[PDB]
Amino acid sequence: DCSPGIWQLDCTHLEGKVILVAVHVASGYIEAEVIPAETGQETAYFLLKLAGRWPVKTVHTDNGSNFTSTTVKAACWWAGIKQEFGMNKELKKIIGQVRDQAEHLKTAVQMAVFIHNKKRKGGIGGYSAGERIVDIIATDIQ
């Protein structure tokens, strides 16, 4: 969809807890983490992990206040990430479906991420989001 270095990052709420969700816009690849509460500290930490794993250039969110803390700005500065774009409902569904097999929300979320990233799109060039991100980035794009 967009440039290989573009990511979307938002927080979802479930069972009182908060689920931090990062989506690689161009591939549909998801990466998530369950955290106690929405704090700049947690967002900054998550951004750093994402940055050391993929070539993160820009991150966009649907709630700008999410990135106003000095903690976040500090993480972005160090990692060389700039703001604004330069599967939450589905994921929530899969979590709901798998929540029985999982003994905790954390597990259910990671089971849902696994499922989502592995599901091959039945069609032309039927790849999975997990495969797509690797390919997209492999082509020295990001």
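Take the two forms, find the largest set of C-alpha atoms that superpose within 1.5 Å, and that set is the rigid core. Start at 1 with the first residue shown and count on from there.
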Fill in the blank from the handout: Core-aligned CA RMS in 4 other deposited structures of this protein: between 62-70 and 77-85 the higher one is 77-85
Handout entry: Other entries lacking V21, at least a third
Key = no
Handout entry: Unmodelled in at least a third of other entries of this protein, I124
Key = yes
Problem - Sequence continuity check, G86 and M87 (deposited residues unmodelled) - result: 10 or more
Completion exercise
The stretch whose C-alpha atoms carry the larger average B-factor in the entry, 120-128 or 15-23, is 120-128
Practice task
Select between 106-114 and 60-68 the stretch whose C-alpha atoms have the higher average B-factor in the entry.
Solution key: 60-68
Practice task
Using the temperature factors in the entry, find which of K73, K82, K93, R53 has the highest value at its Cα atom.
Solution key: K93
Handout entry: Chain-relative CA temperature factor third for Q97
Key = highest
